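Quick one: the structure is below, questions incoming.
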Ligand SMILES: CCOc1ccc([C@@H]2c3c(-c4ccccc4O)n[nH]c3C(=O)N2Cc2cccnc2)cc1
């Protein structure tokens, strides 16, 4: 069976209007696993909730942990994992936590207790990123000792052991500097390959967020910065294909063009205008792009990289859609990878609110559910 994870983000509930996303917007069968972004860590390496609203309390109610895990009542095949780390979390705390057997044990024991208390079936590590020989060996030890402690807890209690996964870098330099892949593979149930964010508004080069392959439209120095190169790289370095879960974005990345008459991939720009709901310069959600198209933006298909882009005046957006998801699912099956995961549930048109919707909940993620899972996600 293909593995079909999806990231839930606990901050999407703070978006306005049609963009507000809560666990009850999930629909059964959409994912095989939900990864909860994010759990947090104290200075002493014990774990805690990132957002006080994750926990049951007077002002939040049941809390996001309980609301996500309640989804298993109506989706009995669903498993959940708590993801520790992420971009904002940074590296310093991971570097300290991973430094010794004793420091790792504090975190490991605390994380196992915490996920059992709050009803998760696994621990996902999103350290961005281990870097250098010290981090590399400490990360190997962390994942090995975490799996071992999960095996020990399972034998002690008689329960199925917690899963151990990680969201991992896709760029060759970052992979080389931080990941000892042959010594990591035995101890992961699977990895979430972050095969996206290859080009973006941190730089002036206009390119694709998640091109499936390279294009000669972009400079040759970036020929490894695409989904297929990153998946091949992990496999060649020793990760079995069945453990490589290909990353799928439901957001896009965009630029304000330096010259509105120069619209080719490989042109130059600054960040796109901030979008209404995401409120982050240079990114936007699928349910924003659908309205841009309805409002007259011109859509192009890049045949080498196998992803769309759109142009609206001086705004140029790389994004993903049903068509690019479908071709990427054909790729996953043809190349034998273990599945595909989504960042995020909340950037798809989760409520079928797009003006051009045919009623389909989750038009993008539904492609994964159908092509990899045989699941037909309903219309609203
Ligand atoms: C130079 C690229 O810089 C970044 C690329 C990606 C992220 C993503 C993200 C977003 C976000 C991503 C896309 C659009 C809008 C958003 O707010 N918001 N919080 C997080 C977070 O922690 N991320 C990391 C992550 C972790 C696990 C699995 N995949 C990704 C952050 C920075």
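For chain A, we keep the numbers from Swiss-Prot: what you see runs 52-431, in order.
Keep in mind that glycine also has a Cβ here, set from the backbone N, Cα and C atoms.
For 57-82, the entry in Swiss-Prot reads disulfide bond, with the evidence type sequence analysis. Taken from Swiss-Prot, the feature chitin binding site covers 109, 110, 136, 137, 138, 139, 180, 245, 246, 247, 248, 394. The annotation active site, proton donor is assigned in Swiss-Prot to 179 on the grounds of sequence analysis. Here Swiss-Prot flags 310 as N-linked glycosylation site, drawing on experimental evidence.
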Among the binding-site residues 109, 248, which residue has the largest number of other Cβ atoms within 10 Å of its own Cβ?
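Max Cβ neighbours within 10 Å, all protein chains included: 248.
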Residues with Cβ closer than 8 Å to the Cβ of residue 136 (chitin binding site), same chain and 6+ apart in sequence?
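Residue 136 (chitin binding site) has long-range Cβ partners 89, 145, 176, 177, 178, 179, 218.
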For the disulfide-bonded residues listed here (57, 82), tell me which residue's CB has the most neighbouring CB atoms inside 10 Å.
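The most densely surrounded of these disulfide-bonded residues is 82.
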Considering only the recorded positions 57, 82, 310, which residue has the minimal Cα-Cα separation from residue 180 (chitin binding site)?
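Out of the listed candidates, the nearest Cα belongs to 57.
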Taking each of 57, 82, 310 in turn, which of these recorded positions have a Cα lying within 10 angstroms of the Cα of residue 138 (chitin binding site)?
none
Please work out which residue of 246, 310 has the most C-beta neighbours within 10 angstroms of its C-beta, and give that one of the recorded positions.
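In terms of Cβ crowding, the pick is 246.
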Out of 138, 180, give me whichever of these binding-site residues has the highest number of other Cβ atoms within 10 Å.
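Max Cβ neighbours within 10 Å, all protein chains included: 180.
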Round to the nearest Å and give the CA-to-CA distance linking residue 248 (chitin binding site) with residue 82 (disulfide bond).
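If we compare the Cα positions of residue 248 (chitin binding site) and residue 82 (disulfide bond), the gap is 22 Å.
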Anything from the recorded positions 246, 248, 310 with its Cβ under 6 A from ligand 1? List those in sequence order.
248
Tell me, by DSSP, whether residue 136 (chitin binding site) is helix, strand or coil?
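DSSP assigns residue 136 (chitin binding site) to strand.
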When DSSP is mapped onto helix/strand/coil, what comes out for residue 82 (disulfide bond)?
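Coil, per DSSP.
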Using C-alpha atoms, which one of the recorded positions 109, 246, 310 comes nearest to residue 82 (disulfide bond)?
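Nearest listed residue in space: 246.
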Between all pairs in 109, 110, 136, 137, 138, 139, 180, 245, 246, 247, 248, 394 (listed as chitin binders), what's the biggest Cα distance, rounded to the nearest Å?
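Between the outermost Cα atoms of 109, 110, 136, 137, 138, 139, 180, 245, 246, 247, 248, 394, the distance is 40 Å.
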Roughly how many Å separate the Cα of residue 310 (N-linked glycosylation site) from that of residue 246 (chitin binding site), to the nearest whole number?
29
Please give me the CB contact count at 10 A for the residue listed as 'active site, proton donor', counting all chains in the structure.
19
